[PDB]
Amino acid sequence: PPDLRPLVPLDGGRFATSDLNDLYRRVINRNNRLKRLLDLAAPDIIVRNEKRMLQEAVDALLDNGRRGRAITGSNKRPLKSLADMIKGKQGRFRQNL
Amino acid sequence: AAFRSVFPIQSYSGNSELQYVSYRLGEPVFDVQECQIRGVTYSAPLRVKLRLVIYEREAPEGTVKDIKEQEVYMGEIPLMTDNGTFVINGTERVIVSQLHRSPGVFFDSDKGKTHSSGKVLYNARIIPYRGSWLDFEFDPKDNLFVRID
Amino acid sequence: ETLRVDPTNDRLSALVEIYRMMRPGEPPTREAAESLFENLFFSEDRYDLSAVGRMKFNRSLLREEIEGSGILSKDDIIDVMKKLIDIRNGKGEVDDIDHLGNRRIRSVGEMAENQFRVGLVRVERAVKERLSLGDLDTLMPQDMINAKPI
Amino acid sequence: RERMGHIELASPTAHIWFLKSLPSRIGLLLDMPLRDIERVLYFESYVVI
Amino acid sequence: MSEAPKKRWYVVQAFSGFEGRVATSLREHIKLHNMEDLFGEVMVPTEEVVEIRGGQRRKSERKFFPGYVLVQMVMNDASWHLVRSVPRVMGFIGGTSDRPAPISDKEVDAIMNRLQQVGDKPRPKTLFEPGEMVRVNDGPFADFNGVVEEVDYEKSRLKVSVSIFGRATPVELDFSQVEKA
RNA sequence: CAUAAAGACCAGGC
DNA sequence: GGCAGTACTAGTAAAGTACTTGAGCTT
DNA sequence: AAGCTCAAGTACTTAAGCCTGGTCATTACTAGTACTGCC
């Protein structure tokens, strides 16, 4: 939802945003690439390079940590996924209850 | 007692000999009363006397020299107030002393065999401070094993 | 019977297995398998049983002298394992954990030393490379030593 | 807030809850390996049983 | 060695935007072996910075593959194991999570050709004004063109026919004043 | 009426 | 005046459960 | 040879409230660019 992820600044030149703003921006940029680069309409035996990037994009929305986590610069912590808000991989299940 | 582990350095084709004299603290930042009324961090630099000599083996240029500096800045350790407290950033700080088991060898009853029955076995455990562990335990097959880290 | 279930037969394959246990996949080299085991229990830069711990270590084996080195030797562990076999056979009893000859107070200055020896073993690796980074003899103030890892 | 939109993905993708889970929903019913072939086909380069 | 070594390549699934200094950190961690032992060549398809020029339209897309390193090293199966051991890399690529499958060199050069291929059809090449074909950039008739119908190498003049107002205007211009078709 | 983040670690009460 | 060096600044490296599985023993 | 169960081996588990304190740092390394000094 649009107002569920606001983009207001915190104080001065810093920001406090959700970790979904970095992940929904990738799935859409890995969607039309298979449609029109890749204008084919080929047999499926040819194309590899896009679903290795699009599946990589949607897995960070699915789960981070079961094969490979999604980390940010100077941060050895996985991106807070939609499942990680419920199960609490980082220890925030001890914070939800 | 910890300085004298890093002074003998032996580089091939360098021939360097680093000899030590003494450590002397420099000047402090402020006194013991401005660290609470102000935001004084009190970071006193540690300066150390050194004696090095060089005998280079790369190519004979005919020029050799031994330049000696009296004090070199290494580390930023805080100092101690006249009672025995420290300061680092803004607040007063005291490090609590540590009491634990010795850096040696011991012989306890048993560990690890809490899953099975674990009848008569004897074993040893060493506690180092840095490095890896070193255990010597037994099995029901009467064989001595080892556990590192 | 430990030797019969021991796969190694000499010094080389022992160092290979000691590297391979510390990621069970491959033998390293000729040199790193020696350097890691020397940096397990026989070097101060990675293993310091500080000079009091030798004095407490000598009384656990009924030694005469109390002075010595911080790092262990090749004669100590065998003499410990002999006492392990002797306690297993029935002679002797267990040792006291909570007795103060073993339970020692570590001072605040010794704690600052134990939080300074971590920076020393990095700054020695700094002065190794900055021995080569120096021009001829300008490497006293800053071209040798850094105050960042300490 | 309440209204929704949908993103037309050209190629469909998996849901990893149905994959890395030990009771594999596409390994028990549809007789593939429950853990092995999932770590062989999906992310990797094995092609168009 | 008794048998001649045969070097092969693999693909390294890493993070997007986190790739070039992972190759530099391959040079960092895997330093000091006095050789030429195992590494053949590192291939970095990304750039460590970005270009101001991007897509012409936001509908128009990229054929880039960010985060996918290609390293040459023998185990047989080496250059994803010891490249994930360098940090900020997603996993271990190929046969299984401990054992990749080997690929040929021509497939690797084709993966490079997927990098080299750019979007060269929004169909512009101009560099072109109503004459056919040159580029004049001096005097009155700058940003115009035509043909030198009569070439004068001795007089160093080029009689270029400018199509102004829907009408050819043959004007004699220098070599430095024009750009040859 | 809007801004003081999130997280880590420690100390404290029962 | 042009080229190279370097500094500044913006992207960026205990003790248990279940469950699996390898192996030993029979039609 | 097929197979059937059994035992050791293995990975994984979740750690009995809530509450404020203070603090502490949000990244230090690499690459490109721009500025300045020298030839």
# chains A, B, ... in the order shown; residues from 1 in each chain; ligands from 1
call {"tool": "residues_around", "arguments": {"residues": "residue 25 of chain G", "least_positions_apart": "5", "cutoff": "12 Å", "atoms": "only C-alpha atoms (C1' of nucleotides)", "output": "list in words"}}
result
residues 3, 4, 5 and 6 of chain H
call {"tool": "write_last_selection", "arguments": {"atoms": "N, CA, C and O atoms (P, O5', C5', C4', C3', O3' and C1' of nucleotides)", "output": "PDB file, in the first residue's frame"}}
result
ATOM      1  P    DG H   3      12.384 -54.149  -3.072  1.00  0.00           P
ATOM      2  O5'  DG H   3      12.334 -54.307  -1.484  1.00  0.00           O
ATOM      3  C5'  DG H   3      12.290 -55.608  -0.905  1.00  0.00           C
ATOM      4  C4'  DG H   3      12.642 -55.553   0.570  1.00  0.00           C
ATOM      5  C3'  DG H   3      12.408 -54.196   1.243  1.00  0.00           C
ATOM      6  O3'  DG H   3      11.847 -54.405   2.515  1.00  0.00           O
ATOM      7  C1'  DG H   3      14.530 -54.913   1.713  1.00  0.00           C
ATOM      8  P    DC H   4      10.325 -53.997   2.791  1.00  0.00           P
ATOM      9  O5'  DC H   4       9.974 -54.702   4.183  1.00  0.00           O
ATOM     10  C5'  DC H   4      10.863 -55.658   4.742  1.00  0.00           C
ATOM     11  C4'  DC H   4      11.409 -55.170   6.073  1.00  0.00           C
ATOM     12  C3'  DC H   4      10.938 -53.777   6.484  1.00  0.00           C
ATOM     13  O3'  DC H   4      10.067 -53.887   7.620  1.00  0.00           O
ATOM     14  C1'  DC H   4      13.348 -54.017   6.712  1.00  0.00           C
ATOM     15  P    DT H   5       9.541 -52.595   8.426  1.00  0.00           P
ATOM     16  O5'  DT H   5      10.588 -52.466   9.628  1.00  0.00           O
ATOM     17  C5'  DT H   5      10.794 -53.585  10.488  1.00  0.00           C
ATOM     18  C4'  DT H   5      12.133 -53.510  11.205  1.00  0.00           C
ATOM     19  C3'  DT H   5      12.234 -52.447  12.296  1.00  0.00           C
ATOM     20  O3'  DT H   5      12.776 -53.033  13.468  1.00  0.00           O
ATOM     21  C1'  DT H   5      14.046 -52.234  10.774  1.00  0.00           C
ATOM     22  P    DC H   6      12.600 -52.323  14.898  1.00  0.00           P
ATOM     23  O5'  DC H   6      14.096 -51.924  15.293  1.00  0.00           O
ATOM     24  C5'  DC H   6      15.144 -52.875  15.128  1.00  0.00           C
ATOM     25  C4'  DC H   6      16.507 -52.206  15.178  1.00  0.00           C
ATOM     26  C3'  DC H   6      16.664 -51.129  16.251  1.00  0.00           C
ATOM     27  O3'  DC H   6      17.892 -51.310  16.934  1.00  0.00           O
ATOM     28  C1'  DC H   6      17.260 -50.253  14.133  1.00  0.00           C
TER      29       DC H   6
END
call {"tool": "interface_residues", "arguments": {"of": "chain D", "to": "chain A", "cutoff": "7 Å", "atoms": "only C-alpha atoms", "output": "ChimeraX atom specification"}}
result
/D:1,9-10,13,15-16,43,47-48
call {"tool": "write_last_selection", "arguments": {"atoms": "N, CA and C atoms", "output": "mmCIF file, in the first residue's frame"}}
result
data_model
loop_
_atom_site.group_PDB
_atom_site.id
_atom_site.type_symbol
_atom_site.label_atom_id
_atom_site.label_comp_id
_atom_site.auth_asym_id
_atom_site.auth_seq_id
_atom_site.Cartn_x
_atom_site.Cartn_y
_atom_site.Cartn_z
ATOM 1 N N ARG D 1 -5.172 4.212 0.365
ATOM 2 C CA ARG D 1 -4.744 3.137 1.255
ATOM 3 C C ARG D 1 -5.414 1.814 0.897
ATOM 4 N N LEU D 9 3.968 -9.772 -13.745
ATOM 5 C CA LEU D 9 5.239 -10.431 -13.998
ATOM 6 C C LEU D 9 5.104 -11.343 -15.210
ATOM 7 N N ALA D 10 6.040 -11.208 -16.151
ATOM 8 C CA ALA D 10 6.017 -11.983 -17.386
ATOM 9 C C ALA D 10 6.271 -13.459 -17.112
ATOM 10 N N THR D 13 7.161 -16.968 -10.559
ATOM 11 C CA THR D 13 8.244 -17.354 -9.668
ATOM 12 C C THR D 13 7.713 -18.226 -8.538
ATOM 13 N N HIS D 15 7.468 -19.782 -4.479
ATOM 14 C CA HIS D 15 7.321 -19.354 -3.097
ATOM 15 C C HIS D 15 8.154 -20.289 -2.234
ATOM 16 N N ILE D 16 9.171 -19.732 -1.572
ATOM 17 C CA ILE D 16 10.212 -20.525 -0.924
ATOM 18 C C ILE D 16 9.705 -21.237 0.329
ATOM 19 N N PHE D 43 17.600 -22.222 -8.695
ATOM 20 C CA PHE D 43 18.442 -21.039 -8.854
ATOM 21 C C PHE D 43 19.484 -21.250 -9.942
ATOM 22 N N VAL D 47 17.855 -26.923 -17.487
ATOM 23 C CA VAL D 47 16.976 -26.260 -18.443
ATOM 24 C C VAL D 47 15.820 -27.175 -18.841
ATOM 25 N N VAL D 48 14.748 -26.571 -19.362
ATOM 26 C CA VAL D 48 13.745 -27.245 -20.188
ATOM 27 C C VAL D 48 14.368 -28.092 -21.294
#
call {"tool": "residues_around", "arguments": {"residues": "residue 160 of chain E", "least_positions_apart": "4", "cutoff": "6 Å", "atoms": "only C-alpha atoms (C1' of nucleotides)", "output": "PyMOL selection string"}}
result
chain E and resi 146-148+170-172
call {"tool": "select_by_dssp", "arguments": {"residues": "chain D", "states": "alpha helix (DSSP H)", "output": "number ranges by chain"}}
result
D: 38-41
call {"tool": "residues_around", "arguments": {"residues": "residue 112 of chain C", "least_positions_apart": "2", "cutoff": "12 Å", "atoms": "only C-alpha atoms (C1' of nucleotides)", "output": "JSON, numbers by chain"}}
result
{"B": [2, 77, 78, 79, 86, 94, 95, 96, 97, 98], "C": [106, 107, 108, 109, 110, 114, 115, 116, 117, 118, 119, 150]}
call {"tool": "residues_around", "arguments": {"residues": "segment 5-19 of chain G", "least_positions_apart": "6", "cutoff": "8 Å", "atoms": "only C-alpha atoms (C1' of nucleotides)", "output": "count of residues only"}}
result
14
call {"tool": "closest_residue", "arguments": {"among": "B:53, B:88, B:105, B:148", "to": "chain H", "atoms": "only C-alpha atoms (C1' of nucleotides)"}}
result
B:88
call {"tool": "select_by_dssp", "arguments": {"residues": "segment 42-83 of chain E", "states": "strand (DSSP E or B)", "output": "PyMOL selection string"}}
result
chain E and resi 42-43+68-72
call {"tool": "closest_residue", "arguments": {"among": "E:5, E:54, E:94, E:119", "to": "residue 38 of chain A", "atoms": "only C-alpha atoms"}}
result
E:119
call {"tool": "decode", "arguments": {"residues": "segment 5-31 of chain H", "atoms": "N, CA and C atoms (P, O5', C5', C4', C3', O3' and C1' of nucleotides)", "output": "PDB file, in the first residue's frame"}}
result
ATOM      1  P    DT H   5       9.541 -52.595   8.426  1.00  0.00           P
ATOM      2  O5'  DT H   5      10.588 -52.466   9.628  1.00  0.00           O
ATOM      3  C5'  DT H   5      10.794 -53.585  10.488  1.00  0.00           C
ATOM      4  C4'  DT H   5      12.133 -53.510  11.205  1.00  0.00           C
ATOM      5  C3'  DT H   5      12.234 -52.447  12.296  1.00  0.00           C
ATOM      6  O3'  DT H   5      12.776 -53.033  13.468  1.00  0.00           O
ATOM      7  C1'  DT H   5      14.046 -52.234  10.774  1.00  0.00           C
ATOM      8  P    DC H   6      12.600 -52.323  14.898  1.00  0.00           P
ATOM      9  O5'  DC H   6      14.096 -51.924  15.293  1.00  0.00           O
ATOM     10  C5'  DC H   6      15.144 -52.875  15.128  1.00  0.00           C
ATOM     11  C4'  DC H   6      16.507 -52.206  15.178  1.00  0.00           C
ATOM     12  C3'  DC H   6      16.664 -51.129  16.251  1.00  0.00           C
ATOM     13  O3'  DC H   6      17.892 -51.310  16.934  1.00  0.00           O
ATOM     14  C1'  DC H   6      17.260 -50.253  14.133  1.00  0.00           C
ATOM     15  P    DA H   7      17.975 -51.077  18.521  1.00  0.00           P
ATOM     16  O5'  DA H   7      19.208 -50.072  18.691  1.00  0.00           O
ATOM     17  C5'  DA H   7      20.499 -50.453  18.233  1.00  0.00           C
ATOM     18  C4'  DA H   7      21.178 -49.301  17.513  1.00  0.00           C
ATOM     19  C3'  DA H   7      21.401 -48.058  18.360  1.00  0.00           C
ATOM     20  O3'  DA H   7      22.695 -48.112  18.959  1.00  0.00           O
ATOM     21  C1'  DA H   7      20.676 -47.534  16.107  1.00  0.00           C
ATOM     22  P    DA H   8      23.206 -46.938  19.932  1.00  0.00           P
ATOM     23  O5'  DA H   8      23.997 -45.948  18.952  1.00  0.00           O
ATOM     24  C5'  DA H   8      24.988 -46.469  18.073  1.00  0.00           C
ATOM     25  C4'  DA H   8      25.280 -45.506  16.933  1.00  0.00           C
ATOM     26  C3'  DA H   8      25.981 -44.209  17.335  1.00  0.00           C
ATOM     27  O3'  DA H   8      27.050 -43.950  16.431  1.00  0.00           O
ATOM     28  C1'  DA H   8      23.999 -43.718  16.128  1.00  0.00           C
ATOM     29  P    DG H   9      28.021 -42.687  16.638  1.00  0.00           P
ATOM     30  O5'  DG H   9      27.398 -41.579  15.669  1.00  0.00           O
ATOM     31  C5'  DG H   9      27.127 -41.908  14.312  1.00  0.00           C
ATOM     32  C4'  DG H   9      26.521 -40.728  13.577  1.00  0.00           C
ATOM     33  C3'  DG H   9      27.103 -39.363  13.952  1.00  0.00           C
ATOM     34  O3'  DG H   9      27.493 -38.672  12.770  1.00  0.00           O
ATOM     35  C1'  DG H   9      24.729 -39.320  14.066  1.00  0.00           C
ATOM     36  P    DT H  10      28.179 -37.220  12.850  1.00  0.00           P
ATOM     37  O5'  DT H  10      26.947 -36.221  12.663  1.00  0.00           O
ATOM     38  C5'  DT H  10      25.973 -36.492  11.662  1.00  0.00           C
ATOM     39  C4'  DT H  10      24.807 -35.528  11.765  1.00  0.00           C
ATOM     40  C3'  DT H  10      25.177 -34.120  12.212  1.00  0.00           C
ATOM     41  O3'  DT H  10      25.309 -33.269  11.075  1.00  0.00           O
ATOM     42  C1'  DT H  10      23.074 -34.902  13.125  1.00  0.00           C
ATOM     43  P    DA H  11      25.739 -31.728  11.244  1.00  0.00           P
ATOM     44  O5'  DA H  11      24.343 -30.953  11.327  1.00  0.00           O
ATOM     45  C5'  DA H  11      23.328 -31.231  10.370  1.00  0.00           C
ATOM     46  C4'  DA H  11      21.979 -30.707  10.829  1.00  0.00           C
ATOM     47  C3'  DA H  11      21.938 -29.213  11.165  1.00  0.00           C
ATOM     48  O3'  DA H  11      20.838 -28.607  10.495  1.00  0.00           O
ATOM     49  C1'  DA H  11      20.999 -30.478  12.925  1.00  0.00           C
ATOM     50  P    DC H  12      20.598 -27.021  10.582  1.00  0.00           P
ATOM     51  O5'  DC H  12      19.569 -26.863  11.794  1.00  0.00           O
ATOM     52  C5'  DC H  12      18.401 -27.674  11.839  1.00  0.00           C
ATOM     53  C4'  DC H  12      17.642 -27.450  13.132  1.00  0.00           C
ATOM     54  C3'  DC H  12      17.657 -26.007  13.643  1.00  0.00           C
ATOM     55  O3'  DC H  12      16.345 -25.450  13.572  1.00  0.00           O
ATOM     56  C1'  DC H  12      18.029 -27.596  15.404  1.00  0.00           C
ATOM     57  P    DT H  13      16.067 -23.933  14.030  1.00  0.00           P
ATOM     58  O5'  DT H  13      15.570 -24.086  15.543  1.00  0.00           O
ATOM     59  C5'  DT H  13      14.451 -24.918  15.832  1.00  0.00           C
ATOM     60  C4'  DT H  13      14.430 -25.329  17.294  1.00  0.00           C
ATOM     61  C3'  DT H  13      14.381 -24.182  18.284  1.00  0.00           C
ATOM     62  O3'  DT H  13      13.037 -23.822  18.523  1.00  0.00           O
ATOM     63  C1'  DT H  13      15.805 -25.990  19.020  1.00  0.00           C
ATOM     64  P    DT H  14      12.437 -22.492  17.858  1.00  0.00           P
ATOM     65  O5'  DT H  14      11.827 -21.693  19.097  1.00  0.00           O
ATOM     66  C5'  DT H  14      11.138 -22.397  20.115  1.00  0.00           C
ATOM     67  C4'  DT H  14      11.689 -22.043  21.483  1.00  0.00           C
ATOM     68  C3'  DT H  14      12.191 -20.598  21.642  1.00  0.00           C
ATOM     69  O3'  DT H  14      11.701 -20.068  22.879  1.00  0.00           O
ATOM     70  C1'  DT H  14      13.792 -22.089  22.428  1.00  0.00           C
ATOM     71  P    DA H  15      11.780 -18.497  23.229  1.00  0.00           P
ATOM     72  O5'  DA H  15      12.449 -18.477  24.686  1.00  0.00           O
ATOM     73  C5'  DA H  15      13.360 -19.509  25.063  1.00  0.00           C
ATOM     74  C4'  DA H  15      13.828 -19.340  26.492  1.00  0.00           C
ATOM     75  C3'  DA H  15      14.368 -17.958  26.821  1.00  0.00           C
ATOM     76  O3'  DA H  15      14.068 -17.624  28.154  1.00  0.00           O
ATOM     77  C1'  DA H  15      16.112 -19.552  27.009  1.00  0.00           C
ATOM     78  P    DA H  16      13.620 -16.126  28.498  1.00  0.00           P
ATOM     79  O5'  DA H  16      12.551 -16.293  29.663  1.00  0.00           O
ATOM     80  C5'  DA H  16      12.673 -17.284  30.635  1.00  0.00           C
ATOM     81  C4'  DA H  16      11.293 -17.729  31.062  1.00  0.00           C
ATOM     82  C3'  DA H  16      10.263 -16.627  31.320  1.00  0.00           C
ATOM     83  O3'  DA H  16       9.642 -16.109  30.039  1.00  0.00           O
ATOM     84  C1'  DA H  16      10.107 -18.387  32.976  1.00  0.00           C
ATOM     85  P    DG H  17       9.677 -14.590  29.425  1.00  0.00           P
ATOM     86  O5'  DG H  17       8.999 -13.578  30.496  1.00  0.00           O
ATOM     87  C5'  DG H  17       8.922 -12.113  30.175  1.00  0.00           C
ATOM     88  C4'  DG H  17       7.672 -11.407  30.754  1.00  0.00           C
ATOM     89  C3'  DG H  17       7.549  -9.920  30.409  1.00  0.00           C
ATOM     90  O3'  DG H  17       6.608  -9.743  29.360  1.00  0.00           O
ATOM     91  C1'  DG H  17       7.380 -10.221  32.798  1.00  0.00           C
ATOM     92  P    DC H  18       6.923  -8.712  28.170  1.00  0.00           P
ATOM     93  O5'  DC H  18       7.083  -7.291  28.905  1.00  0.00           O
ATOM     94  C5'  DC H  18       6.005  -6.344  28.896  1.00  0.00           C
ATOM     95  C4'  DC H  18       6.128  -5.367  30.053  1.00  0.00           C
ATOM     96  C3'  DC H  18       7.104  -4.218  29.836  1.00  0.00           C
ATOM     97  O3'  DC H  18       6.420  -3.050  29.332  1.00  0.00           O
ATOM     98  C1'  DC H  18       7.455  -5.240  31.981  1.00  0.00           C
ATOM     99  P    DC H  19       7.245  -1.813  28.700  1.00  0.00           P
ATOM    100  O5'  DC H  19       7.935  -1.075  29.940  1.00  0.00           O
ATOM    101  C5'  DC H  19       7.140  -0.440  30.937  1.00  0.00           C
ATOM    102  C4'  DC H  19       8.003  -0.060  32.119  1.00  0.00           C
ATOM    103  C3'  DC H  19       9.168   0.836  31.755  1.00  0.00           C
ATOM    104  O3'  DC H  19       8.830   2.207  32.028  1.00  0.00           O
ATOM    105  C1'  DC H  19       9.864  -0.985  33.207  1.00  0.00           C
ATOM    106  P    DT H  20       8.396   3.220  30.849  1.00  0.00           P
ATOM    107  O5'  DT H  20       9.749   3.509  30.054  1.00  0.00           O
ATOM    108  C5'  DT H  20      10.501   4.680  30.339  1.00  0.00           C
ATOM    109  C4'  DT H  20      11.342   4.477  31.581  1.00  0.00           C
ATOM    110  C3'  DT H  20      12.693   5.151  31.544  1.00  0.00           C
ATOM    111  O3'  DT H  20      12.593   6.456  32.086  1.00  0.00           O
ATOM    112  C1'  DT H  20      12.802   2.935  32.491  1.00  0.00           C
ATOM    113  P    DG H  21      13.126   7.717  31.247  1.00  0.00           P
ATOM    114  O5'  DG H  21      14.616   7.940  31.781  1.00  0.00           O
ATOM    115  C5'  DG H  21      15.694   7.197  31.247  1.00  0.00           C
ATOM    116  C4'  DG H  21      16.702   6.868  32.328  1.00  0.00           C
ATOM    117  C3'  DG H  21      18.142   7.011  31.887  1.00  0.00           C
ATOM    118  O3'  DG H  21      18.621   8.283  32.283  1.00  0.00           O
ATOM    119  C1'  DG H  21      17.784   4.853  32.897  1.00  0.00           C
ATOM    120  P    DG H  22      18.881   9.427  31.189  1.00  0.00           P
ATOM    121  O5'  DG H  22      20.473   9.526  31.128  1.00  0.00           O
ATOM    122  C5'  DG H  22      21.251   8.992  32.192  1.00  0.00           C
ATOM    123  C4'  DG H  22      22.346   8.098  31.648  1.00  0.00           C
ATOM    124  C3'  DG H  22      23.002   8.619  30.368  1.00  0.00           C
ATOM    125  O3'  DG H  22      24.408   8.664  30.529  1.00  0.00           O
ATOM    126  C1'  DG H  22      22.370   6.347  30.116  1.00  0.00           C
ATOM    127  P    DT H  23      25.295   9.610  29.586  1.00  0.00           P
ATOM    128  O5'  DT H  23      25.810   8.617  28.445  1.00  0.00           O
ATOM    129  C5'  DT H  23      26.227   7.303  28.796  1.00  0.00           C
ATOM    130  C4'  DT H  23      26.423   6.436  27.564  1.00  0.00           C
ATOM    131  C3'  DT H  23      26.751   7.188  26.270  1.00  0.00           C
ATOM    132  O3'  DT H  23      27.694   6.442  25.548  1.00  0.00           O
ATOM    133  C1'  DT H  23      24.979   5.761  25.889  1.00  0.00           C
ATOM    134  P    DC H  24      29.148   7.029  25.211  1.00  0.00           P
ATOM    135  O5'  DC H  24      29.754   5.907  24.251  1.00  0.00           O
ATOM    136  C5'  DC H  24      28.998   4.715  24.008  1.00  0.00           C
ATOM    137  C4'  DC H  24      28.577   4.627  22.551  1.00  0.00           C
ATOM    138  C3'  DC H  24      28.909   5.860  21.703  1.00  0.00           C
ATOM    139  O3'  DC H  24      29.571   5.453  20.529  1.00  0.00           O
ATOM    140  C1'  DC H  24      26.685   5.201  21.352  1.00  0.00           C
ATOM    141  P    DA H  25      30.525   6.467  19.732  1.00  0.00           P
ATOM    142  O5'  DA H  25      31.215   5.527  18.644  1.00  0.00           O
ATOM    143  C5'  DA H  25      30.697   4.220  18.418  1.00  0.00           C
ATOM    144  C4'  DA H  25      29.585   4.245  17.383  1.00  0.00           C
ATOM    145  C3'  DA H  25      29.776   5.259  16.252  1.00  0.00           C
ATOM    146  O3'  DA H  25      30.391   4.668  15.051  1.00  0.00           O
ATOM    147  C1'  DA H  25      27.488   5.026  16.949  1.00  0.00           C
ATOM    148  P    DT H  26      29.761   3.440  14.202  1.00  0.00           P
ATOM    149  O5'  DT H  26      29.566   4.049  12.727  1.00  0.00           O
ATOM    150  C5'  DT H  26      28.634   5.119  12.478  1.00  0.00           C
ATOM    151  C4'  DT H  26      27.268   4.577  12.091  1.00  0.00           C
ATOM    152  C3'  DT H  26      26.605   5.257  10.905  1.00  0.00           C
ATOM    153  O3'  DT H  26      27.118   4.779   9.618  1.00  0.00           O
ATOM    154  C1'  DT H  26      25.018   4.914  12.645  1.00  0.00           C
ATOM    155  P    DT H  27      27.497   3.237   9.310  1.00  0.00           P
ATOM    156  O5'  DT H  27      29.014   3.110   9.808  1.00  0.00           O
ATOM    157  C5'  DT H  27      29.547   1.851  10.174  1.00  0.00           C
ATOM    158  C4'  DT H  27      31.021   1.764   9.812  1.00  0.00           C
ATOM    159  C3'  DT H  27      31.911   2.871  10.383  1.00  0.00           C
ATOM    160  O3'  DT H  27      33.020   2.288  11.087  1.00  0.00           O
ATOM    161  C1'  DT H  27      31.752   3.004   7.954  1.00  0.00           C
ATOM    162  P    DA H  28      34.153   3.206  11.771  1.00  0.00           P
ATOM    163  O5'  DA H  28      35.294   3.312  10.651  1.00  0.00           O
ATOM    164  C5'  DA H  28      36.297   2.301  10.564  1.00  0.00           C
ATOM    165  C4'  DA H  28      36.582   1.925   9.118  1.00  0.00           C
ATOM    166  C3'  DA H  28      37.875   2.498   8.534  1.00  0.00           C
ATOM    167  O3'  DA H  28      38.497   1.516   7.720  1.00  0.00           O
ATOM    168  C1'  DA H  28      36.060   3.125   7.181  1.00  0.00           C
ATOM    169  P    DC H  29      40.075   1.568   7.416  1.00  0.00           P
ATOM    170  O5'  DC H  29      40.153   1.219   5.858  1.00  0.00           O
ATOM    171  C5'  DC H  29      39.614  -0.007   5.396  1.00  0.00           C
ATOM    172  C4'  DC H  29      39.082   0.118   3.979  1.00  0.00           C
ATOM    173  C3'  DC H  29      40.088   0.591   2.927  1.00  0.00           C
ATOM    174  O3'  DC H  29      40.258  -0.417   1.939  1.00  0.00           O
ATOM    175  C1'  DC H  29      37.981   1.692   2.677  1.00  0.00           C
ATOM    176  P    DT H  30      41.420  -0.289   0.835  1.00  0.00           P
ATOM    177  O5'  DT H  30      40.656   0.251  -0.463  1.00  0.00           O
ATOM    178  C5'  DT H  30      39.661  -0.557  -1.079  1.00  0.00           C
ATOM    179  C4'  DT H  30      38.912   0.205  -2.163  1.00  0.00           C
ATOM    180  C3'  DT H  30      39.773   0.787  -3.287  1.00  0.00           C
ATOM    181  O3'  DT H  30      39.116   0.546  -4.532  1.00  0.00           O
ATOM    182  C1'  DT H  30      38.420   2.478  -2.366  1.00  0.00           C
ATOM    183  P    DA H  31      39.904   0.619  -5.933  1.00  0.00           P
ATOM    184  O5'  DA H  31      38.980   1.588  -6.806  1.00  0.00           O
ATOM    185  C5'  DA H  31      37.976   2.352  -6.153  1.00  0.00           C
ATOM    186  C4'  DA H  31      37.196   3.206  -7.127  1.00  0.00           C
ATOM    187  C3'  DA H  31      37.955   3.634  -8.366  1.00  0.00           C
ATOM    188  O3'  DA H  31      37.022   4.053  -9.362  1.00  0.00           O
ATOM    189  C1'  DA H  31      37.829   5.422  -6.795  1.00  0.00           C
TER     190       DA H  31
END
